[PDB]
Amino acid sequence: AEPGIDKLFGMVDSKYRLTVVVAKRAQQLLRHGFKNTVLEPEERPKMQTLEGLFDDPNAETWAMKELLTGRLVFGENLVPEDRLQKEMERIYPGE
Amino acid sequence: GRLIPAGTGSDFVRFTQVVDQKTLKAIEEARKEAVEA
Amino acid sequence: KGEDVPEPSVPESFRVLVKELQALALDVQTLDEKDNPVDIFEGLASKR
């Protein structure tokens, strides 16, 4: 199947949170390049084309790899509204 | 045509947020800007 | 562009729906949280 599908189920109380988590996470993960990635150089996803291993364009597949290391944190409340719509832009170039 | 009232469209989950260990320092970005003099 | 897809406006399904009811003389309001009309026809149909 998909990587550690069972383990990634356990991380959340409900099926759907992990879907909301993953997608939302991926959104940021492929908004700010892949500059936000709490996942090290050597543990990044890769392809095989042209005879050359190049990082996987599949945002959705990254966030899953990411959360699987527990490096993220999730909840119903963590930050305010447009008050996050500036923080991630400055720490990771929002251009 | 509205979002469905279920699944990933259930008021229960929906609002779930995600952030990273480093942007977890956004709490200390607003942490040290208050008392003056 | 490689951007992620955005969220969407109202479908003609609904818009055209309202307008049919509209046409039949039944006021069809879409109220917000505190019951204040919301603009499904963003601009366009609102007068002045």
# chains A, B, ... in the order shown; residues from 1 in each chain; ligands from 1

$ residues_around --residues "segment 63-66 of chain A" --least-positions-apart "5" --cutoff "10 Å" --atoms "only C-alpha atoms" --output "list in words"
residues 2, 3, 4, 5, 8, 18, 19, 21, 22, 23, 24, 25, 26, 27, 28, 29, 30, 37, 38, 39, 40, 43, 44, 45, 58, 71 and 72 of chain A; 20 of chain B

$ interface_residues --of "chain B" --to "chain C" --cutoff "12 Å" --atoms "only C-alpha atoms" --output "PyMOL selection string"
chain B and resi 1-3

$ closest_residue --among "A:48, A:85, A:77, A:69" --to "chain B" --atoms "only C-alpha atoms"
A:77

$ interface_residues --of "chain C" --to "chain A" --cutoff "12 Å" --atoms "only C-alpha atoms" --output "list in words"
residues 2, 3, 4, 5 and 6 of chain C

$ interface_residues --of "chain A" --to "chain B" --cutoff "6 Å" --atoms "only C-alpha atoms" --output "list in words"
residues 16, 17, 25, 72, 73, 74, 75 and 76 of chain A

$ select_by_dssp --residues "chain C" --states "alpha helix (DSSP H)" --output "PyMOL selection string"
chain C and resi 12-23

$ write_last_selection --atoms "N, CA and C atoms" --output "mmCIF file, in the first residue's frame"
data_model
loop_
_atom_site.group_PDB
_atom_site.id
_atom_site.type_symbol
_atom_site.label_atom_id
_atom_site.label_comp_id
_atom_site.auth_asym_id
_atom_site.auth_seq_id
_atom_site.Cartn_x
_atom_site.Cartn_y
_atom_site.Cartn_z
ATOM 1 N N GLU C 12 -23.385 27.410 -11.628
ATOM 2 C CA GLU C 12 -24.600 27.817 -12.342
ATOM 3 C C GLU C 12 -25.815 26.959 -11.951
ATOM 4 N N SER C 13 -25.565 25.688 -11.611
ATOM 5 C CA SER C 13 -26.589 24.856 -10.995
ATOM 6 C C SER C 13 -27.407 25.688 -9.990
ATOM 7 N N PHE C 14 -26.714 26.249 -8.995
ATOM 8 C CA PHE C 14 -27.330 26.984 -7.893
ATOM 9 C C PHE C 14 -27.744 28.390 -8.292
ATOM 10 N N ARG C 15 -26.792 29.160 -8.807
ATOM 11 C CA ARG C 15 -27.099 30.483 -9.310
ATOM 12 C C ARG C 15 -28.363 30.458 -10.177
ATOM 13 N N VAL C 16 -28.316 29.709 -11.274
ATOM 14 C CA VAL C 16 -29.460 29.574 -12.167
ATOM 15 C C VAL C 16 -30.687 29.099 -11.397
ATOM 16 N N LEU C 17 -30.464 28.286 -10.359
ATOM 17 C CA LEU C 17 -31.575 27.792 -9.539
ATOM 18 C C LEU C 17 -32.298 28.954 -8.910
ATOM 19 N N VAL C 18 -31.530 29.755 -8.165
ATOM 20 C CA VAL C 18 -32.049 30.880 -7.401
ATOM 21 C C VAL C 18 -32.875 31.681 -8.361
ATOM 22 N N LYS C 19 -32.240 32.058 -9.455
ATOM 23 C CA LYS C 19 -32.853 32.879 -10.479
ATOM 24 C C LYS C 19 -34.181 32.344 -11.022
ATOM 25 N N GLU C 20 -34.336 31.024 -11.067
ATOM 26 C CA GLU C 20 -35.595 30.448 -11.494
ATOM 27 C C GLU C 20 -36.649 30.704 -10.442
ATOM 28 N N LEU C 21 -36.310 30.425 -9.176
ATOM 29 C CA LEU C 21 -37.177 30.747 -8.014
ATOM 30 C C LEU C 21 -37.441 32.237 -7.980
ATOM 31 N N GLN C 22 -36.354 33.001 -8.074
ATOM 32 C CA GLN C 22 -36.380 34.450 -8.205
ATOM 33 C C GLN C 22 -37.490 34.878 -9.144
ATOM 34 N N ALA C 23 -37.442 34.288 -10.340
ATOM 35 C CA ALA C 23 -38.388 34.525 -11.424
ATOM 36 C C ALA C 23 -39.820 34.208 -11.031
#

$ select_by_dssp --residues "chain B" --states "strand (DSSP E)" --output "ChimeraX atom specification"
/B:17-20

$ atom_distance --atom1 "atom CA of residue 59 of chain A" --atom2 "atom CA of residue 36 of chain A"
11.9 Å

$ decode --residues "chain A" --atoms "C-alpha atoms" --output "compact mmCIF listing (two decimals), in the first residue's frame"
# COMPACT_ATOMS: atom_id res chain seq x y z
CA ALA A 1 0.00 0.00 0.00
CA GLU A 2 1.11 3.59 0.85
CA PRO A 3 3.95 4.00 3.43
CA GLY A 4 3.03 3.16 7.05
CA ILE A 5 -0.67 3.66 6.31
CA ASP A 6 -1.55 1.94 9.61
CA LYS A 7 0.89 3.97 11.73
CA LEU A 8 -0.31 7.24 10.14
CA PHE A 9 -3.83 6.21 11.08
CA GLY A 10 -2.80 5.89 14.72
CA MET A 11 -1.35 9.41 14.85
CA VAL A 12 -4.92 10.81 14.67
CA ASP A 13 -8.17 10.22 16.60
CA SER A 14 -10.12 10.00 13.31
CA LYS A 15 -9.58 8.92 9.71
CA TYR A 16 -10.29 12.36 8.36
CA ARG A 17 -8.00 14.45 10.52
CA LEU A 18 -4.98 12.72 8.95
CA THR A 19 -6.48 13.59 5.52
CA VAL A 20 -6.97 17.22 6.62
CA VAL A 21 -3.51 17.21 8.31
CA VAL A 22 -1.70 15.68 5.29
CA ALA A 23 -3.31 17.91 2.63
CA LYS A 24 -2.98 21.14 4.64
CA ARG A 25 0.58 20.13 5.52
CA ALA A 26 1.32 19.41 1.86
CA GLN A 27 -0.21 22.81 0.93
CA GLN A 28 2.47 24.62 2.88
CA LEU A 29 5.09 22.02 1.95
CA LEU A 30 4.49 22.88 -1.71
CA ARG A 31 3.68 26.52 -1.21
CA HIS A 32 7.06 27.62 0.08
CA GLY A 33 9.05 25.53 -2.40
CA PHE A 34 9.96 22.64 -0.21
CA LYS A 35 11.74 25.06 2.09
CA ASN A 36 9.72 24.17 5.19
CA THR A 37 10.57 20.49 5.14
CA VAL A 38 11.08 18.99 8.60
CA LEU A 39 12.71 16.05 6.82
CA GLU A 40 16.49 15.82 6.24
CA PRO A 41 18.46 15.78 2.93
CA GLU A 42 18.98 12.00 3.06
CA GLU A 43 15.39 11.05 4.00
CA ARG A 44 13.72 12.90 1.08
CA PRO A 45 11.61 11.10 -1.59
CA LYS A 46 13.17 10.48 -5.06
CA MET A 47 12.51 9.34 -8.66
CA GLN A 48 14.61 7.40 -11.22
CA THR A 49 14.04 9.16 -14.58
CA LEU A 50 16.66 10.18 -17.21
CA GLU A 51 19.02 8.08 -15.08
CA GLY A 52 19.08 10.57 -12.19
CA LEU A 53 17.51 10.52 -8.73
CA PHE A 54 15.56 13.76 -8.36
CA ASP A 55 13.24 14.71 -5.51
CA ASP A 56 9.53 13.72 -5.78
CA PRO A 57 7.22 16.56 -6.97
CA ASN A 58 4.40 14.83 -5.14
CA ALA A 59 3.65 17.15 -2.22
CA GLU A 60 0.97 14.82 -0.85
CA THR A 61 3.62 12.01 -0.66
CA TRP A 62 6.09 14.24 1.23
CA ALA A 63 3.74 15.37 4.03
CA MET A 64 3.00 11.72 4.75
CA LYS A 65 6.75 10.92 4.89
CA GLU A 66 7.12 13.95 7.13
CA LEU A 67 4.38 13.31 9.69
CA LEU A 68 5.71 9.74 9.94
CA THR A 69 8.75 11.15 11.80
CA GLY A 70 6.54 12.94 14.34
CA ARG A 71 8.34 16.20 13.64
CA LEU A 72 5.05 17.98 13.01
CA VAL A 73 2.36 18.81 15.58
CA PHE A 74 -1.40 19.10 14.96
CA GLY A 75 -4.55 20.24 16.77
CA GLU A 76 -7.84 22.14 16.50
CA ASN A 77 -6.10 25.26 17.76
CA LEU A 78 -2.45 26.24 17.44
CA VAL A 79 -2.39 29.78 16.03
CA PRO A 80 -4.77 32.68 15.10
CA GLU A 81 -6.13 33.71 11.67
CA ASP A 82 -4.08 35.88 9.27
CA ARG A 83 -1.55 35.79 12.11
CA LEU A 84 0.06 32.70 10.54
CA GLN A 85 -0.30 34.17 7.03
CA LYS A 86 2.96 36.07 7.63
CA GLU A 87 5.09 33.88 9.95
CA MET A 88 5.88 31.13 7.44
CA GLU A 89 6.52 33.74 4.71
CA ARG A 90 9.40 35.32 6.68
CA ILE A 91 11.11 32.16 8.00
CA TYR A 92 10.79 30.54 4.54
CA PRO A 93 10.89 32.98 1.54
CA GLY A 94 7.31 33.70 0.39
CA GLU A 95 8.11 34.56 -3.24
